[PDB]
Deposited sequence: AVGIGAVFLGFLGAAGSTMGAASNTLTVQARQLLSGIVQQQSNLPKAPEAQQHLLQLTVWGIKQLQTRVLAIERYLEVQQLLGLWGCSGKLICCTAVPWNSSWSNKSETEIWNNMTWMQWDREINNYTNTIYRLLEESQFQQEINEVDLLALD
C-alpha cells in the first residue's frame, strides 16, 4: 500500500502493515544549511525519543511487543472485536488520549520490576 496507506483502514488490517511507516520515521548558503541541519537533527531526536521509549518498555528492536500489564477496564470498557474490526487507529487514539501517560508509567514500572526481580531471582541461583 505504502506510507500511511492503512490510516483509514481497520485496526487489524493496519496492524498488517507497520514497517513502511517505521521506514519514514528515520528516512534521511549559511541559513538554508542551518534550517535543513536543524530539521534533520530534530527528526533524529524524535526517532531517538521513540526508540528510547520502546527500550524502557522492554520492546526494543521489535514492532509489536506484548506486555504483562493488565488492561484496565476504566481506560476502555469496549471488548476486543469492536476495537479490532470496525475501528481505526485515529479513533482509538482519540478515545485513549486521556490515559496515555498512565499506561506509559504502568509499562515502565512493570519492565523495571521485571528486571529487578529477575536480578533478585537469578542471583539466588
Quiz item: In sequence order, what intervals of the deposited sequence carry no C-alpha positions?
Solution: 1-8, 37-56
